[PDB]
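Below: the structure, in C-alpha cells.
We number each residue from 1, following the sequence as shown. Computed over heavy atoms, backbone and side chain alike; hydrogens, waters and symmetry mates excluded.
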Amino acid sequence: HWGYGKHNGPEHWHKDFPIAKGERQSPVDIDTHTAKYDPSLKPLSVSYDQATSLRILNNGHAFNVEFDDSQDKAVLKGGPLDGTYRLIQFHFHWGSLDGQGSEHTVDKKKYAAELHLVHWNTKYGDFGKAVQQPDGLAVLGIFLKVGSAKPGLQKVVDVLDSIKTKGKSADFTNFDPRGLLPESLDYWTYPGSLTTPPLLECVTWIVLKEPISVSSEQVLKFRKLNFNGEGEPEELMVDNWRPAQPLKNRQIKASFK
Ligand SMILES: NS(=O)(=O)c1ccc2c(c1)CCC2
Ligand SMILES: NS(=O)(=O)c1ccc2c(c1)CCC2
Ligand SMILES: [Cl-]
Ligand SMILES: [Zn+2]
C-alpha cells in the first residue's frame, strides 16, 4: 500500500487519498518572519505526570509508543486549544542522513527528525470520533537535532531491536514522555492534518521552537529499523517524512515575540 518509496511515496498518495491536495494539509514550512505573535493564545499546559505507556509498535511506517487513554491522565490544554486533549501515542519521523528527516521545516531548514505526540479532543469520546471533527486532534511537534544525547530517549532506543520489523510490538510500560521535552514551550501553531494517509484534516498543530538534542548513536539506531516484515528483504526505515505542503489560506501564529 502507501509508503515512502519511489512508487508509493508522498507524490502518489493523492490517488487513494484525494484530500492529499486539500486546503489544510501538513506538514508546512514555518516562515518565522511571516508568523505573527498571537495575544489571544492562552498559556500552554502539558501535564504528563500520570502518563501510562503500555506498548511500542513498529507499524511499518514508524514506531508508536502507545499510552492508556481510558482515563484523563496525560493531557494537553491551553495555547490555541479549547478543552482537554488526551495523549494516545507518540512517534517520530526521521531521515537517512542528519541533514533531513523532519516534516515541518523552519525557514526551509530541515531537522534530523521530528517527534509527534498525538492527542485527541476528549469532547468527542474517543480517537475514532475525534478524527471526524475539524478540531478532533492536537499534535505536539518537537524537532530533533544531532548533538548531545537525550537521556530520556535511551529507553526507547534500546527497545527498538525487539521491534525491528513491521507488525512487531513489545511491552513498554512506565515510560515518562516528559523526558523528551525541551526547556522552553515557545511554539508556532496552525490548523492542519495528519501527515500520513488518511491525511485527515482534523489537527491543531503545536510545533515547539526549541529542538531537543539527540546523539548520532541514538538516531543511527532509529535507522536500523525496517519498513518490511520479518523474513522479507530488508528495507531500512529511513526518510519516513512527508515534505512541506502548500500553506494556502492559513496563518501560522507564534506564542511569543
Ligand atoms: N496512492 S497510494 O496510497 O500512494 C498507493 C497505494 C498502493 C500502491 C501504490 C500507491 C503503488 C503501488 C501500489
Ligand atoms: N504524523 S501524524 O500527523 O502525527 C499522524 C498520522 C497518522 C495517524 C496519527 C498521527 C494517529 C493515528 C494515525
Ligand atoms: Cl526504497
Ligand atoms: Zn507523525
* Asked: Are more than 12 heavy atoms from other residues, nucleotides or ligands located less than 6.0 Å from atom CD of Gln132?
  -> yes
* Structure fact -> Looking only at heavy atoms, the pair that brings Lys6 and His12 closest together is O-NE2, 3.1 Å
* Is there side-chain contact between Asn64 and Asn59, with heavy atoms separated by less than 4.5 Å? -> yes
* Side chains of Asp239 and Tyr4, donor plus acceptor under 3.5 Å -> no
* State, to 0.1 Å, how close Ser26 and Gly192 come at their nearest heavy-atom pair, and which atoms those are. => OG-CA, 3.3 Å
* Treating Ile, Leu, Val, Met, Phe, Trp and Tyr as nodes and any side-chain heavy-atom pair under 4.5 angstrom as an edge, say whether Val65 and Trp120 lie in one connected cluster. => no
* Ionic contact status for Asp107 with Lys109, cut-off 4.0 Å -> no
* Same apolar cluster (I L V M F W Y, side chains within < 4.5 Å links), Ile212/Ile206 -> yes
* Would a hydrophobic clustering, with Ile, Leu, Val, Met, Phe, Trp and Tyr connected at side-chain separations under 4.5 Å, put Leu144 with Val156? -> yes
* Kindly compute the distance separating OG (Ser215) from NZ (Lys221), expressed to the nearest 0.5 Å. => 8.0 Å
* Asked: Do you know the tightest heavy-atom contact between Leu180 and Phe90?
  -> CD1-CZ, 3.7 Å
* Asked: If we only count heavy atoms from C-beta on, is the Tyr187 to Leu41 side-chain gap below 4.5 Å?
  -> yes
* side-chain contact (heavy atoms from CB on, under 4.5 Å) between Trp2 and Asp16, intermediate numbers included -> CA-CA 9 Å; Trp2 72 268; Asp16 286 286; over 6 Å; no
* For the pair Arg223 (side chain) and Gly95 (backbone), establish whether a donor and an acceptor sit closer than 3.5 Å, ignoring hydrogens and angles. => yes
* Would the number of heavy atoms belonging to other residues, nucleotides or ligands and lying under 6.0 Å from CG of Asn174 be above 12? -> no
* Asked: Looking at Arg55 and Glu66, does any basic side-chain N land under 4.0 Å from a carboxylate oxygen?
  -> yes
* Donor-acceptor under 3.5 Å (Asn240 side chain, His61 main chain) -> yes
* **Spatial distance of atom NZ (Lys21) from atom NZ (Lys15) [nearest 0.5 Å]** => 10.5 Å
* Asked: After noting the C-alpha distance and the side-chain angles of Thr84 and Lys77, does the key distance pass the side chain to side chain donor-acceptor pair (under 3.5 Å) rule?
  -> CA-CA 5 Å; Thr84 297; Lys77 57 169 53 284; 2.7 Å; yes
* Asked: How long is the span from the OH atom in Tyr85 to the OG atom in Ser45, to the nearest 0.5 Å?
  -> 14.0 Å
* Determine whether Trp205 and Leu137 make a side-chain contact, defined as any pair of heavy atoms from C-beta on separated by less than 4.5 Å. => no
* **Full working for side-chain contact (heavy atoms from CB on, under 4.5 Å) between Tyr48 and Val75** => CA-CA 6 Å; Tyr48 290 168; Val75 303; over 6 Å; no
* Would you find a donor on one side and an acceptor on the other, under 3.5 Å apart, between the side chain of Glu210 and the backbone of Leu208? -> no
* Asked: Say you draw a straight line from CD of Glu23 to CG of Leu247; how long is it, rounded to the nearest 0.5 Å?
  -> 11.0 Å
* Asked: Distance only, no hydrogens: is a donor on one side chain within 3.5 Å (strictly under) of an acceptor on the other, for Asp135 and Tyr124?
  -> yes
* Asked: For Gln251, does the CD atom have more than 12 heavy-atom neighbours from other residues, nucleotides or ligands under 6.0 Å away?
  -> no
* Asked: Under a single-linkage definition using a 4.5 Å side-chain heavy-atom cutoff for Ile, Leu, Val, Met, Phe, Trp and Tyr, are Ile252 and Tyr111 assigned to the same hydrophobic cluster?
  -> yes
* With a 4.5 Å limit on heavy-atom distance, are the side chains of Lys253 and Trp188 in contact? -> no
* So, for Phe172 and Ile56, which heavy atoms are closest and what is the spacing to 0.1 Å? -> CB-N, 3.8 Å
* Asked: Have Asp38 and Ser40 got a donor and an acceptor in their side chains that come within less than 3.5 Å?
  -> yes
* Taking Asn58 for its side chain and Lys164 for its backbone only, find out whether a donor-acceptor pair lies under 3.5 Å. => yes
* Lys248 side chain to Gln25 backbone, donor-acceptor under 3.5 Å -> no
* With ring centroids as reference points, do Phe222 and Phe92 lie under 6.0 angstrom apart? -> yes
* To do: Answer yes or no: are there more than 12 heavy-atom neighbours, outside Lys145 itself, under 6.0 Å from its atom NZ?
  => no
* Asked: Can you check whether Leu225 reaches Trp94 side chain to side chain, under 4.5 Å on heavy atoms?
  -> yes
* To do: Report yes or no: do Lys110 and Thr105 form a side-chain donor-acceptor pair below 3.5 Å?
  => no
* Asked: What's the verdict on ring-ring contact (aromatic ring centres under 6.0 Å, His included) for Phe67 and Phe175, showing C-alpha distance, side-chain angles and the deciding distance?
  -> CA-CA 9 Å; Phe67 293 76; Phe175 178 76; 7.3 Å; no
* Asked: Could you go step by step and tell me if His91 and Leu117 meet the side-chain contact (heavy atoms from CB on, under 4.5 Å) rule?
  -> CA-CA 7 Å; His91 58 274; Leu117 292 134; over 6 Å; no
* Test side-chain contact (heavy atoms from CB on, under 4.5 Å) applied to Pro191 - qualifying residues, sequence neighbours left out -> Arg24, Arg250
* **Polar side-chain atom of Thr165 near backbone of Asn226 as donor-acceptor pair, under 3.5 Å** => no
* Judged by modelled atom types alone, do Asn228 and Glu235 share a side-chain donor-acceptor pair under 3.5 Å? -> no
* Less than 4.5 Å apart, any side-chain heavy atom of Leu160 and any of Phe63? -> yes
* Could you tell me which non-hydrogen atom of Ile19 sits nearest to which non-hydrogen atom of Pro198, and how far apart they are? => CG2-O, 3.5 Å
* For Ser193 and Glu201, work out which heavy atoms get closest and say how close. => CB-CA, 3.7 Å
* Report yes or no: does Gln133 contribute a side-chain atom to a donor-acceptor pair with the main-chain N or O of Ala130 at less than 3.5 Å? => no
* For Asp72, enumerate each residue passing the salt bridge (charged side-chain N to carboxylate O under 4.0 Å, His left out) test, keeping only those at least two apart in sequence or located in another chain. => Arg86
* Structure fact -> Rounded to the nearest 0.5 Å, the NE2 atom of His1 sits from the CG atom of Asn8 at a distance of 9.5 Å
* Asked: Heavy-atom distance under 4.5 Å between the side chains of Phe143 and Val207, does that happen here?
  -> yes
* Full working for side-chain contact (heavy atoms from CB on, under 4.5 Å) between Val203 and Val118 -> CA-CA 9 Å; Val203 184; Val118 190; over 6 Å; no
* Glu234, CD atom: more than 12 neighbouring heavy atoms under 6.0 Å -> yes
* Asked: Can you tell me how far the CG atom of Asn121 sits from the CG atom of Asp126, to the nearest 0.5 Å?
  -> 11.5 Å
* Asked: Among side-chain atoms of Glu114 and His93, is any donor-acceptor pair under 3.5 angstrom?
  -> no
* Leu54 and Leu87: same hydrophobic cluster, using ILVMFWY side-chain contacts below 4.5 Å? -> no
* Asked: Around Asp158, counting heavy atoms of other residues, nucleotides and ligands shown, do more than 12 lie under 6.0 Å from its CG?
  -> yes
* Asked: How about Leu181 and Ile142: do any of their side-chain heavy atoms sit closer than 4.5 Å?
  -> yes
